[PDB]
There are 2 protein chains.
Amino acid sequence: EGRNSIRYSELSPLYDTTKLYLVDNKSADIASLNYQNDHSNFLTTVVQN
Amino acid sequence: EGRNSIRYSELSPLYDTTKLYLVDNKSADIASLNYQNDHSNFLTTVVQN
């Protein structure tokens, strides 16, 4: 208790477990981040907002 | 201290002062809430989301 918080920068804090997703076919990332790379060396966002 | 928090239902809490707005010409409220009333007896949203 107390030492179990998970804080994003402006939103309600969670506590003691969550999930994180690392998918490879989000449109905004296709457009900007990933132009010269492939499905084995890619770059993705962990923020879903 | 401690007894000064302001809590919305899913967002970061504020502390010790804020503002609240009561305007009368928001589109969504024009459409739904206010159809049979006027500018002197009106109905508005305090949530801006």
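Below, chain A is the first sequence line, B the second, and so on; all start at residue 1. Just the heavy atoms: all of them, side chains too, but no hydrogens, waters or symmetry mates, feed the values below.
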Is there a path of hydrophobic side-chain contacts, each under 4.5 Å between heavy atoms of I/L/V/M/F/W/Y residues, joining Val47(A) to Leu11(B)?
yes
Under a side-chain separation threshold of 4.5 Å, the hydrophobic residues clustered together with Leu20(A) are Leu22(A), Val46(A)
So the side chain to side chain donor-acceptor pair (under 3.5 Å) pairs with at least one residue in residues 37-46 of chain A (sequence neighbours excluded) are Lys26(A)-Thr45(A), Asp29(A)-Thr45(A), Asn34(A)-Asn37(A), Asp38(A)-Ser40(A)
In short, side chain to side chain donor-acceptor pair (under 3.5 Å) pairs touching residues 4-24 of chain B with sequence neighbours left out are none
